[PDB]
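Reading through the structure tokens given below for one structure.
Residue numbers start from 1 in every chain, and the chains themselves are labelled A, B, ... in the order their sequence lines are given, proteins ahead of strands.
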Amino acid sequence: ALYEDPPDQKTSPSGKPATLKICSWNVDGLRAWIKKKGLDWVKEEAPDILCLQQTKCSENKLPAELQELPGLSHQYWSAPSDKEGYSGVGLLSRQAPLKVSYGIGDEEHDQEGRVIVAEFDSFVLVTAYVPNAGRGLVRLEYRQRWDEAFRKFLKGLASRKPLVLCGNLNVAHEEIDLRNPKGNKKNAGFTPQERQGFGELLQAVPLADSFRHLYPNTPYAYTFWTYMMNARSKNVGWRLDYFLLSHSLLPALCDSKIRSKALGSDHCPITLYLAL
DNA sequence: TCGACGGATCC
DNA sequence: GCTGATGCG
DNA sequence: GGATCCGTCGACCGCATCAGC
Ligand SMILES: [Ca+2]
Ligand SMILES: [Ca+2]
Ligand code: NA
Ligand code: NA
């Protein structure tokens with residue numbers, strides 16, 4: 001069935017007004033996504049911070065439209081070393097972070113340009129593009145190594161500062177998070193080992209699934225739909241893109257949005273409002 | 001993801 | 001320049 | 001023993017890149 005994301009709640013439980021708008025988007029080809037007017041959508045959405053995953057673009061090839069973003073002038077990029085046109089993530093912020101780092105401090109997992117870490121006054125932001133386990137699950141084993149090291153790294157981060165984690169985490173946690181769970185138990189993104197890995201992550205850091213925390217009973221809410229078989233217009237999708245929050249930020253949480261109508265990728269953007 | 005295809009399985 | 005592949009999602 | 005059900009295959013879209021000429 002179809003899904004309508006409800007209006008933006010821009011007030012916290014405490015009645016405090018949202019001060020921080022973070023948008024996260026798996027763009028699936030930075031250059032293509034801009035040709036399909038993704039930065040126009042971004043300007044209308046006007047986030048303080050924009051996290052992009054799967055840029056598929058080296059730094060020397062960053063398109064010039066990026067220099068047309070006066071509200072997002074601090075930009076940080078990470079691409080793989082060995083593979084061209086693979087992975088890649090970006091983080092663009094209105095204000096300069098205090099510190100910016102790359103990867104998770106484990107060199108087995110820091111080759112593919114998948115993680116940026118941006119520290120602010122009140123919180124640390126991680127945007128992540130999590131390794132897909134691949135058709136035939138040819139990478140599932142590597143991805144369980146990833147989940148383990150990433151979990152550990154995130155736990156250490158949250159132990160010093162409130163943590164926001166956003167991006168394409170390449171798992172539908174529960175049956176409610178995809179349209180066809182029964183048919184997908186052996187496919188990338190809904191294996192038992194990926195679902196446990198995400199459950200372990202929520203329990204160990206610990207972190208809350210912001211969307212879930214606010215809409216526990218809401219099915220049909222997805223962020224990815226295959227380009228094939230007209231899946232998007234049928235809403236045959238998966239919720240793969242999350243904002244995961246340190247529990248201390250839940251009093252600051254105003255809303256966690258799924259921007260179902262924003263085209264340009266086989267993922268849609270998600271948007272977090274916080275009262276900081 | 002979805003159809004076609006077989007080969008179980010169920011009133 | 002153009003076609004059609006491949007790796008990957 | 002008619003209908004339904006369940007695993008197994010393949011084609012399927014799009015981006016960026018490369019092979020070949
Ligand atoms: Ca007979
Ligand atoms: Ca020739
Ligand atoms: Na790979
Ligand atoms: Na019969």
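By the 4.0 Å N-to-carboxylate-O rule, A:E175 lies close enough to A:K182 to be salt-bridged with it. Ion pairing between a basic and an acidic side chain is recognised when a charged N comes within 4.0 Å of a carboxylate O; A:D147 and A:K152 show no such pairing. Remark: A:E112 engages A:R139 in a salt bridge, criterion side-chain N to carboxylate O under 4.0 Å.
Between the NZ atom of A:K182 and the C1' atom of D:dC5 there is a distance of 15 Å, rounded to whole Å. A straight line from CZ of A:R135 to P of D:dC13 spans 13 Å, rounded to a whole angstrom. As a whole-Å value, the separation of A:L137 CG from C:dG9 P is 12 Å. If you measure from atom OH of A:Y86 to atom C1' of D:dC18, you get 18 Å, rounded to the nearest angstrom. Rounded to whole angstrom, the span from the CG atom of A:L263 across to the P atom of D:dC13 amounts to 18 Å. Look at CD on A:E112: it is 8 Å from P on C:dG9, rounded to the nearest Å. Rounded to a whole Å, the CD atom of A:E84 is 10 Å from the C1' atom of D:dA16. Distance, A:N26 CG to D:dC15 P: 13 Å, rounded to whole Å.
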Between the protein and nucleotides 1-6 of chain B, which nitrogen or oxygen pairs are less than 3.5 angstrom apart?
unit_1 : atom_1 : unit_2 : atom_2 : d
B:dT1  : OP2    : A:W238 : NE1    : 2.8
B:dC2  : OP1    : A:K234 : NZ     : 3.2

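Residue note: D:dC13 shows a south-type sugar, the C1'-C2'-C3'-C4' torsion being below zero. The pentose of B:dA4 belongs to the south class of puckers. Its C1'-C2'-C3'-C4' angle has a negative sign.
Among the heavy atoms of the strands lying under 4.0 Å from A:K36 are primed sugar atoms or P, OP1, OP2 only; no base atom is included. The residue A:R31 sits close only to the backbone: its heavy atoms come under 4.0 Å of sugar-phosphate atoms, none of a base.
Across C:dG9 and D:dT8, the matching P atoms stand 24 Å from one another, rounded to whole Å. Between the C1' atoms of B:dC2 and D:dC15, the separation comes to 23 Å (whole Å). Here the separation of D:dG1 from D:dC5, taken at their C1' atoms, is 16 Å to the nearest Å.
Taken to the nearest 0.5 Å, the CD atom of A:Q53 stands 9.5 Å off from the CG atom of A:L91.
One N or O on the side chain of A:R195 and one on the backbone of A:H173 form a donor-acceptor pair closer than 3.5 Å. Distance alone, capped at 3.5 Å, is enough to place a donor-acceptor pair between the A:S210 side chain and the A:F243 backbone.
Scanning for side-chain hydrogen bond (donor to acceptor under 3.5 Å, both in side chains) contacts around A:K257 gives A:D255, with sequence neighbours left out.
Partner A:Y242 forms a ring pair (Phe, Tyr, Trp, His ring centres under 6.0 Å) with one of A:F211, A:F224, A:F198, A:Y222 and no other, that one being A:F198.
Note: A:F153 and A:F150 have parallel aromatic rings, judged against thresholds of 30 and 60 degrees for the angle between ring planes.
Taking the six-membered ring for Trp and the full ring otherwise, the centers of A:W33 and A:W25 sit less than 6.0 Å from each other.
DNA chain C lies under 4.0 Å from at least one heavy atom of each of the following residues of residues 53-63 of chain A: A:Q54, A:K56.
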